[PDB]
Amino acid sequence: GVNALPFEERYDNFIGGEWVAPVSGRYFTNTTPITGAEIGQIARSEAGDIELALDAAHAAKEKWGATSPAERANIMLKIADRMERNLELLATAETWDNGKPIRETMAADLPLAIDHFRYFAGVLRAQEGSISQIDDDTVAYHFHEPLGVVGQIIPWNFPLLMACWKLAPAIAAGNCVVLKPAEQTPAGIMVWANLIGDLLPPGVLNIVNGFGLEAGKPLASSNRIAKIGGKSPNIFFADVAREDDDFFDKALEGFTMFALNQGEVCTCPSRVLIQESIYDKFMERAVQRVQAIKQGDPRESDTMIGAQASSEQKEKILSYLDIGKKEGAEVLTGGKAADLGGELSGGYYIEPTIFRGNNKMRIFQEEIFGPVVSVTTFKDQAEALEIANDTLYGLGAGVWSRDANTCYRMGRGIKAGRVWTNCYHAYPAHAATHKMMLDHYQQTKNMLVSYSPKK
Amino acid sequence: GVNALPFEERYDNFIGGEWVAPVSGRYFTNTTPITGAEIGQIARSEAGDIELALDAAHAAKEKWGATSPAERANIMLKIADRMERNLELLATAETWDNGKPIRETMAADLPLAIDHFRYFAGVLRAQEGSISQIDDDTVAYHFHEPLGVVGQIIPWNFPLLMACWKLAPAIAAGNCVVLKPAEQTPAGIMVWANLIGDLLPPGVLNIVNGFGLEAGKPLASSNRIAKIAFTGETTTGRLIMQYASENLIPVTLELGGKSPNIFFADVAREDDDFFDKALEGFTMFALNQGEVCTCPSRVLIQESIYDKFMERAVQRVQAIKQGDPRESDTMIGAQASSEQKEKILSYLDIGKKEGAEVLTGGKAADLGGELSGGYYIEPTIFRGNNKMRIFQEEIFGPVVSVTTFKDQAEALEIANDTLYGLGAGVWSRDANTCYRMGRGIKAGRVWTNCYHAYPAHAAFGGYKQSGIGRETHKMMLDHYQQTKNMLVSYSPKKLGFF
Amino acid sequence: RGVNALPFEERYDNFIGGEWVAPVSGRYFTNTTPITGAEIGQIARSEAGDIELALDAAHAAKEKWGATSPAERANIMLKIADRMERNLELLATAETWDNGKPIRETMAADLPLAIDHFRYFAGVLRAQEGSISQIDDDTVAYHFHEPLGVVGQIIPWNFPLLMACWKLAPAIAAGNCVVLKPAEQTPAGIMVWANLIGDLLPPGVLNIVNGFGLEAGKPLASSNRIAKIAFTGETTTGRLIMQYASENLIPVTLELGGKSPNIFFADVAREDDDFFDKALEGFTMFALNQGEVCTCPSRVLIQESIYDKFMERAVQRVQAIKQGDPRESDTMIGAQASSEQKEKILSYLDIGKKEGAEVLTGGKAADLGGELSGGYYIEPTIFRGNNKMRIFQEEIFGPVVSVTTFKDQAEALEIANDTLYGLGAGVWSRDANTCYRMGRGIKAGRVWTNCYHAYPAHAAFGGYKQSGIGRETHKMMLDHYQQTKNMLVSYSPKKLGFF
Amino acid sequence: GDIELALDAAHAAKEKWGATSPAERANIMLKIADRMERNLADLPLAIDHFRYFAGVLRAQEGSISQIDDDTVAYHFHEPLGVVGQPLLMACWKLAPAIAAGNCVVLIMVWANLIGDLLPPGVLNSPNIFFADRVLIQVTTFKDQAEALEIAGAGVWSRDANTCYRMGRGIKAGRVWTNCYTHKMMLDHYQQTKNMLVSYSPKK
Ligand SMILES: [K+]
Ligand SMILES: [K+]
């Protein structure tokens with residue numbers, strides 16, 4: 001179950017379908033953020049193991065992009081189906097490795113990963129090139145070709161959801177991938193590879209591992225492979241507070257979205273704009289809700305918030321929290337670390353903190369990667385747009401309102417890229433993740449053909 | 001000169017780039033419905049000129065379909081430029097022959113027609129076949145080809161819009177057209193063909209006039225046409241489908257509709273410009289005398305705002321100005337034919353005696369002077385429940401019926417209670433109500449906080465006993481085309497079994 | 001369990017609403033295997049009342065299943081395809097037994113194509129997105145894809161399960177509940193497939209009602225409770241169905257049989273290399289499915305001055321076709337789907353003989369000895385005439401191919417196009433310009449170049465002159481089972497100005 | 001300074017130009033093409049790309065991805081803003097950007113007539129020959145694979161299985177067969193606004 005260490009020991013690299021040990025023998029320890037207890041040994045590749053990975057990729061490159069789109073899609077579907085029935089194992093691996101809740105892994109990370117695999121198996125079937133009939137004699141054909149080899153550097157935020165988000169398009173398009181998982185949370189990708197890797201031709205899924213300055217730098221700077229987070233407003237208008245029936249409950253539940261996956265999300269809703277005419281009641285219920293979050297051991301059944309990522313995560317979060325506390329950031333809840341006791345002392349927990357202030361303060365124009373939300377207020381829709389667009393960012397935004405004109409005008413006026421409306425943190429496939437990712441890992445072949453013996 | 005006559009007294013049959021007198025020698029008189037007078041003689045044709053049109057079309061189809069799509073778009077752009085330079089002549093012709101306000105032809109009709117000829121000349125430039133890689137050895141290439149020769153039966157109520165709603169898709173797609181204008185309004189298409197006759201190559205556009213049993217059936221039952229497009233009455237549509245079910249011919253239709261217009265009490269929340277817009281959108285039944293396929297003639301108003309909405313909407317209806325449609329200012333115009341008055345007056349009688357209390361209007365609109373022989377009915381508002389014939393039969397009159405509901409579920413119930421599925425309008429400020437009403441209404445098109453907008457890029461259609469297809473969109477370019485699927489194999493090695 | 005053991009059982013009732021319900025009356029007709037004409041079970045005879053039960057269940061599931069998210073329905077379709085792929089042998093044996101098709105042909109092409117078709121349409125469902133149009137700053141039009149509701153389909157018997165899947169995948173991908181009428185020649189294969197997978201779909205999403213094409217085909221087509229009727233079959237029944245479904249305003253989608261040319265240019269035999277073997281393969285492909293293919297290449301057009309070599313080698317390789325028990329893996333051609341069809345091809349052979357066309361091979365029935373005597377086996381027949389004889393202008397659906405010659409490309413186009421059908425065609429040549437010119441010229445919905453009988457999902461397929469309406473096996477089958485909902489939304493509270 | 005005031009004008013116009021309907025910008029482009037015809041293989045393609053990109057702008061839709069019964073993702077096609085670039089190239093660039101709703105910053109004589117139509121501030125390889133770099137079967141080669149490993153491109157032949165193989169096997173982006181601009185330009189000067197809207201009141 002979740003309480004048994006999923007990890008095996010001594011994970012080495014995975015190049016060409018076989019577990020290849022480091023060229024220069026080295027193994028850095030796997031420190032689980034949940035407790036800070038060493039849980040495995042991970043290969044430390046420097047510059048040669050990445051070249052073995054590139055060798056396996058360039059050796060399986062020609063036969064994989066030659067595969068049919070239907071056979072490639074069927075391989076992806078088998079990958080997804082074997083990922084499904086092993087849901088608990090991969091979820092437990094990601095929880096142990098990253099400290100995310102076990103509730104948040106069998107509900108939002110794995111099912112999203114499997115659905116991404118199935119989805120990009122489905123977009124490759126429907127994919128088409130294009131014919132342009134220039135005239136009666138000349139025709140232009142546009143085919144989609146794979147890029148070749150692509151190297152992916154997985155972050156530590158979702159080490160399995162984001163890894164699959166970056167793999168599935170690249171494997172659907174027919175490319176061989178060289179992966180370097182981030183050393184903060186390695187070896188959940190090792191577990192996933194040990195689960196699936198034989199389903200792909202040897203050299204399609206290569207996963208080196210090590211340090212960002214050690215392993216990634218030769219990879220990210222390579223003349224072989226063709227290709228290689230801000231403050232998100234959560235505006236609440238006075239509309240949401242007409243009645244206390246079901247949309248205001250949803251509004252509050254969507255306010256407490258900094259505390260899902262410990263705010264390391266790049267689109268963290270860490271800036272909440274509440275209408276002045278509703279601020280008092282909304283913050284009443286919001287403070288009753290944030291303090292109702294159950295912090296504890298991430299891997300039990302129901303811990304809503306777990307360990308962050310590392311020691312550096314805690315130092316950054318604590319530094320930004322203190323800097324906020326200085327300039328006047330009235331704390332409604334939280335505001336420090338959390339020593340939960342038991343085995344949970346070497347961990348890296350931060351408790352959910354509701355800040356309070358104005359967009360001048362540096363907690364609003366600087367991102368924490370932690371469960372720290374910076375509430376503020378605004379007067380009207382125009383001021384809401386003036387404030388919500390005050391940032392050097394825009395990776396996302398969230399608008400809550402019961403008015404059609406308000407929602408559309410906010411969504412179209414906000415300079416974000418993904419505006420949520422009366423929801424937040426829903427990351428479904430086919431919504432831009434979108435079927436246009438397959439074109440990221442594809443080049444185009446243009447053949448212009450003239451069917452006329454004379455000119 | 002809008003008040004000056006725009007029609008020659010001898011409109012023959014346009015066939016093969018030239019003016020051809022009918023073989024039967026007969027003719028029929030054209031009546032302007034503004035006054036009831038006579039405005040010219042237009043050729044009466046039968047199954048003999050239908051075949052002349054088909055012969056010209058088939059003699060031009062091979063040369064037309066082989067022209068580049070960039071050559072069939074420059075010609076369309078030149079057609080639109082000519083139609084825009086002469087917007088008043090066409091507006092005046094559509095006014096004299098159809099008897100609708102000159103403002104509605106210089107504002108809606110002609111700009112919409114020019115916009116369609118530009119739009120479908122745009123959609124044609126960006127069109128592209130698909131190439132579906134199957135493996136390294138097999139590739140399927142899909143090409144778009146013209147259907148050949150298409151036959152079109154346009155209706156009267158939009159003489160130059162429904163004619164350009166369907167020529168532009170058909171001429172963009174490389175087909176040659178045999179167009180049959182409705183006998184009730186056969187002159188506007190004639191002036192239009194006069195002014196842009198020489199832009200198209202001979203035989204591509206062939207226009208023949210006549211009645212619906214002598215020049216309509218021969219065109220809509222021929223084996224020389226690839227597709228028959230019809231727009232109008234449902235029974236005539238069944239006639240067309242039966243006639244074209246012998247050569248297995250596509251029969252794209254558009255058959256009326258009884259469109260509701262719902263108000264959810266979110267409009268009466270500030271008495272602001274939005275309430276003003278809702279009031280204006282209520283009276284939209286009077287647009288084109290209510291002889292539009294998407295007529296709001298059913299109105300659903302939330303039970304809490306019925307009193308206020310009526311006490312202002314009756315005022316705005318009583319402010320609708322009627323008169324001679326040919327100067328600058330008439331809002332509600334004249335009916336197309338005398339039989340149109342006859343049907344509408346019979347329907348008004350049925351509504352009066354059924355139990356639909358008359359909020360306003362309810363009789364003819366004798367305007368005196370040189371308008372007594374005209375065809376004018378006063379804009380009318382009744383009030384009943386949905387189980388009454390005025391709610392459940394189309395009128396094409398300046399008539400609307402009003403009933404109320406309790407809540408959104410009842411709104412969907414009543415809005416779907418009819419047998420037609422063409423259109424509907426929704427008026428609310430709440431997003432969830434607007435979406436659930438737009439998606440729950442079993443109609444091909446739903447207007448939310450607007451109505452009677454016909455942009456060239458929004459697919460117009462209905463899915464009930466109201467037709468098959470989608471106008472005003474790039475999907476309609478494919479309705480006049482067919483797919484050639486060339487599945488090439490490149491491996492020169494046998495599969496291994498006979 | 002085995003290919004040579006019976007794969008059916010007796011009393012296949014109607015599969016209505018995730019159930020097995022008997023007809024309104026105990027009317028039960030009898031299925032009969034073409035391989036050895038004999039009973040292989042007793043099939044329910046469906047009157048109009050069973051169509052009414054099927055439509056009721058389809059409407060209930062239309063209410064519910066309609067709003068099932070595209071990702072859930074695609075998951076159900078993927079699970080259906082996986083279940084079929086893990087039972088490919090059982091389904092293929094059922095198809096061989098009920099249709100007389102060789103087990104070779106089923107296990108090789110027919111069941112893999114059905115599984116690939118379900119996977120393909122689950123995919124194109126996941127990848128399907130509607131449309132938006134920014135009319136101006138204040139008005140947007142939203143084009144939603146919606147289910148049609150309940151659709152009805154009448155499947156032929158030449159490809160019972162393959163056409164059942166070809167029609168079912170887009171229909172249930174699009175959220176449409178289906179009432180499905182199997183051809184009474186081959187009723188019991190769809191039953192086996194249904195009892196296989198009749199637990200992955202919600203009750204009512206798939207309803208299959210088996211009966212005679214006049215007792216049950218008409219009540220299904222003559223119903224206002226279906227948003228569409230789909231048909232594949234003979235042009236007489238196609239015109240009938242067009243009549244019944246035009247009296248109700250419901251759109252129709254036909255796919256009628258065509259007399260498909262198969263042109264062989266004098267370049268196929270230049271170097272008599274493996275490409276020439278492929279061309280002879282393609283010529284012999286007239287006997288695939290025992291000629292019962294709506295796109296059968298039963299009209300071969302060989303260039304005049306290559307005729308000698310091609311016909312000597314091709315008659316050799318057609319005599320080499322091994323006729324035997326279709327349940328043997330070595331058998332290359334099976335039985336005819338019914339005795340009436342065997343009589344039809346025999347009559348057309350006699351017409352061709354009486355019309356002055358020589359017979360190069362075959363020409364009669366065949367008694368394959370043993371229990372196969374009762375079966376309906378026509379010997380692969382080659383005729384030889386010109387384009388004007390009846391057998392060149394009329395459709396046979398038998399292992400019968402008629403051969404003529406052309407002089408140049410223009411005569412090739414004239415002979416290829418001189419017909420009343422445009423369903424399919426085939427063009428064998430090595431010249432690059434010839435293949436494209438001949439594929440563009442030929443009035444055929446599908447044109448195979450340098451191959452033939454390739455039906456890969458995601459390639460469009462339809463009748464081009466008079467042999468049907470619409471396209472199949474492509475992602476735009478989804479649009480044939482969906483309607484567009486336009487929602488024009490104005491975000492400006494400013495009045496229009498007029499009125 | 002001069003470029004700075006060009007940028008300031010471009011932003012001031014960008015406030016309003018992006019509000020213009022696709023129909024109206026396409027119509028302005030058609031008027032530009034007409035006016036260029038009046039004052040007319042370089043100008044033909046310039047006019048032709050103005051018409052073509054007006055057409056693609058009229059055709060462009062945007063997606064309405066349906067995630068659930070109660071959740072829809074809308075993919076609008078917002079303009080970027082201000083962008084910066086003989087006359088044929090000038091047009092290949094301006095025609096798409098102006099189509100997308102962008103106030104460009106930059107021919108002179110052409111700019112004199114085109115400028116007034118726009119609102120102010122908006123405008124401111126081997127050559128293989130297969131026997132039936134010049135790779136004649138100038139240099140030479142032996143067989144198909146020979147000229148494949150030697151080697152957008154260009155391929156004269158007639159075998160219909162070497163034209164395809166040699167068109168697909170070349171590591172380039174454009175192969176011309178028996179001889180010797182795209183909607184994807186309009187999506188390069190144009191950004192996507194994804195609006196995920198949830199229509200469920202419950203949670
Ligand atoms: K008239
Ligand atoms: K049978």
# chains A, B, ... in the order shown; residues from 1 in each chain; ligands from 1
call {"tool": "residues_near_ligand", "arguments": {"ligand": "ligand 2", "cutoff": "8 Å", "atoms": "only C-alpha atoms and all ligand atoms", "output": "PyMOL selection string"}}
result
chain C and resi 31-34+97-100+184-188+337-338
call {"tool": "residues_near_ligand", "arguments": {"ligand": "ligand 1", "cutoff": "9 Å", "atoms": "only C-alpha atoms and all ligand atoms", "output": "count of residues only"}}
result
18
call {"tool": "residues_around", "arguments": {"residues": "residue A:423", "least_positions_apart": "4", "cutoff": "9 Å", "atoms": "only C-alpha atoms", "output": "JSON list (two decimals) with C-alpha atoms, in the first residue's frame"}}
result
[["chain", "number", "residue", "atom", "x", "y", "z"],
["A", 250, "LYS", "CA", -17.99, 26.68, -4.94],
["A", 251, "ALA", "CA", -16.54, 30.19, -4.88],
["A", 254, "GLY", "CA", -12.13, 27.76, -5.43],
["A", 398, "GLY", "CA", -9.62, 33.20, -12.50],
["A", 399, "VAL", "CA", -12.92, 35.09, -12.64],
["A", 400, "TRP", "CA", -15.95, 34.33, -10.47],
["D", 196, "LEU", "CA", -12.34, 27.51, -19.57],
["D", 197, "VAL", "CA", -15.89, 28.13, -18.36],
["D", 198, "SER", "CA", -17.67, 25.87, -15.90],
["D", 199, "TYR", "CA", -21.46, 26.03, -15.93],
["D", 200, "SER", "CA", -22.16, 23.95, -12.84]]
call {"tool": "closest_residue", "arguments": {"among": "D:79, D:18, D:1, D:173", "to": "chain C", "atoms": "only C-alpha atoms"}}
result
D:18
call {"tool": "closest_residue", "arguments": {"among": "C:56, C:234, C:39, C:146", "to": "chain D", "atoms": "only C-alpha atoms"}}
result
C:146
call {"tool": "closest_atom_pairs", "arguments": {"of": "chain D", "to": "chain B", "cutoff": "10 Å", "atoms": "only C-alpha atoms", "output": "Markdown table"}}
result
| residue | atom | partner | partner_atom | distance |
| --- | --- | --- | --- | --- |
| D:23 | CA | B:119 | CA | 8.4 |
| D:26 | CA | B:122 | CA | 9.1 |
| D:27 | CA | B:118 | CA | 8.3 |
| D:30 | CA | B:77 | CA | 8.5 |
| D:31 | CA | B:81 | CA | 9.8 |
| D:34 | CA | B:81 | CA | 9.6 |
| D:48 | CA | B:70 | CA | 8.7 |
| D:51 | CA | B:122 | CA | 7.8 |
| D:52 | CA | B:125 | CA | 6.1 |
| D:53 | CA | B:122 | CA | 8.4 |
| D:54 | CA | B:122 | CA | 6.8 |
| D:55 | CA | B:122 | CA | 3.5 |
| D:56 | CA | B:126 | CA | 5.4 |
| D:57 | CA | B:122 | CA | 8.1 |
| D:58 | CA | B:122 | CA | 6.1 |
| D:59 | CA | B:123 | CA | 5.3 |
| D:60 | CA | B:123 | CA | 9.0 |
| D:61 | CA | B:457 | CA | 8.4 |
| D:69 | CA | B:439 | CA | 9.9 |
| D:70 | CA | B:436 | CA | 9.3 |
| D:160 | CA | B:490 | CA | 7.9 |
| D:161 | CA | B:490 | CA | 5.6 |
| D:162 | CA | B:490 | CA | 8.9 |
| D:164 | CA | B:490 | CA | 7.7 |
| D:165 | CA | B:490 | CA | 8.3 |
| D:168 | CA | B:136 | CA | 9.3 |
| D:182 | CA | B:126 | CA | 8.5 |
| D:183 | CA | B:126 | CA | 7.1 |
| D:197 | CA | B:431 | CA | 9.9 |
| D:198 | CA | B:432 | CA | 8.9 |
| D:199 | CA | B:432 | CA | 5.6 |
| D:200 | CA | B:432 | CA | 7.7 |
| D:201 | CA | B:432 | CA | 8.3 |
call {"tool": "interface_residues", "arguments": {"of": "chain C", "to": "chain B", "cutoff": "6 Å", "atoms": "only C-alpha atoms", "output": "ChimeraX atom specification"}}
result
/C:242,246,274-275,278,281,284-285,445-451,459,485-490,493-495,499
call {"tool": "interface_residues", "arguments": {"of": "chain C", "to": "chain D", "cutoff": "10 Å", "atoms": "only C-alpha atoms", "output": "MDAnalysis selection string"}}
result
chainID C and resid 66:72 126:145 429:436 450
call {"tool": "interface_residues", "arguments": {"of": "chain A", "to": "chain C", "cutoff": "6 Å", "atoms": "only C-alpha atoms", "output": "tab-separated table (two decimals) with C-alpha atoms, in the first residue's frame"}}
result
chain	number	residue	atom	x	y	z
A	122	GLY	CA	-6.71	10.00	-30.33
A	123	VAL	CA	-5.32	13.17	-31.90
A	125	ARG	CA	-5.61	9.08	-35.48
A	126	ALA	CA	-7.54	12.21	-36.50
A	405	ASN	CA	-21.21	40.20	-19.60
A	451	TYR	CA	1.08	17.08	-63.59
call {"tool": "closest_atom_pairs", "arguments": {"of": "stretch 22-130 of chain A", "to": "stretch 198-220 of chain A", "cutoff": "10 Å", "atoms": "only C-alpha atoms", "output": "CSV"}}
result
residue,atom,partner,partner_atom,distance
A:22,CA,A:208,CA,9.1
A:26,CA,A:210,CA,9.4
A:27,CA,A:210,CA,8.6
A:28,CA,A:210,CA,7.9
A:42,CA,A:209,CA,7.2
A:43,CA,A:209,CA,5.9
A:44,CA,A:210,CA,4.2
A:45,CA,A:210,CA,5.2
A:46,CA,A:215,CA,4.8
A:47,CA,A:218,CA,6.0
A:48,CA,A:218,CA,9.1
A:49,CA,A:208,CA,7.0
A:50,CA,A:219,CA,6.5
A:51,CA,A:219,CA,8.5
A:52,CA,A:208,CA,9.2
A:53,CA,A:206,CA,5.8
A:54,CA,A:206,CA,8.3
A:55,CA,A:203,CA,8.1
A:56,CA,A:203,CA,4.4
A:57,CA,A:203,CA,4.8
A:58,CA,A:203,CA,7.8
A:59,CA,A:203,CA,6.8
A:60,CA,A:203,CA,5.2
A:61,CA,A:204,CA,7.4
A:63,CA,A:201,CA,8.7
A:64,CA,A:201,CA,7.4
A:72,CA,A:200,CA,9.3
A:75,CA,A:199,CA,6.9
A:76,CA,A:199,CA,8.8
A:78,CA,A:199,CA,7.9
A:79,CA,A:199,CA,7.1
A:82,CA,A:199,CA,9.9
call {"tool": "write_last_selection", "arguments": {"atoms": "C-alpha atoms", "output": "short mmCIF file (atom, residue, chain, number, x, y, z; two decimals), in the first residue's frame"}}
result
data_model
loop_
_atom_site.label_atom_id
_atom_site.label_comp_id
_atom_site.auth_asym_id
_atom_site.auth_seq_id
_atom_site.Cartn_x
_atom_site.Cartn_y
_atom_site.Cartn_z
CA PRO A 22 26.51 5.31 -14.82
CA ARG A 26 27.97 7.61 -8.63
CA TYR A 27 24.69 7.54 -6.73
CA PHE A 28 23.11 10.54 -5.04
CA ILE A 42 19.92 7.57 -8.07
CA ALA A 43 22.43 7.53 -10.91
CA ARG A 44 24.53 10.68 -11.35
CA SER A 45 25.14 11.09 -15.07
CA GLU A 46 27.50 13.83 -16.25
CA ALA A 47 28.24 13.97 -19.99
CA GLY A 48 28.77 10.44 -21.25
CA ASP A 49 25.56 8.79 -20.15
CA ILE A 50 23.68 11.55 -21.95
CA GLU A 51 25.64 10.54 -25.06
CA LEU A 52 24.62 6.90 -24.57
CA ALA A 53 21.03 8.13 -24.34
CA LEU A 54 21.46 10.11 -27.55
CA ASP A 55 22.97 7.01 -29.17
CA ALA A 56 19.96 4.87 -28.27
CA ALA A 57 17.60 7.61 -29.45
CA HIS A 58 19.41 8.17 -32.76
CA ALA A 59 19.49 4.39 -33.24
CA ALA A 60 15.75 3.90 -32.70
CA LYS A 61 14.87 7.15 -34.49
CA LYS A 63 12.33 2.81 -37.33
CA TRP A 64 9.98 4.62 -34.93
CA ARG A 72 1.92 4.14 -32.70
CA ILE A 75 1.18 1.44 -28.41
CA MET A 76 0.11 4.63 -26.63
CA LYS A 78 -1.50 0.00 -24.26
CA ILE A 79 0.77 2.35 -22.29
CA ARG A 82 -1.09 -0.53 -18.17
#
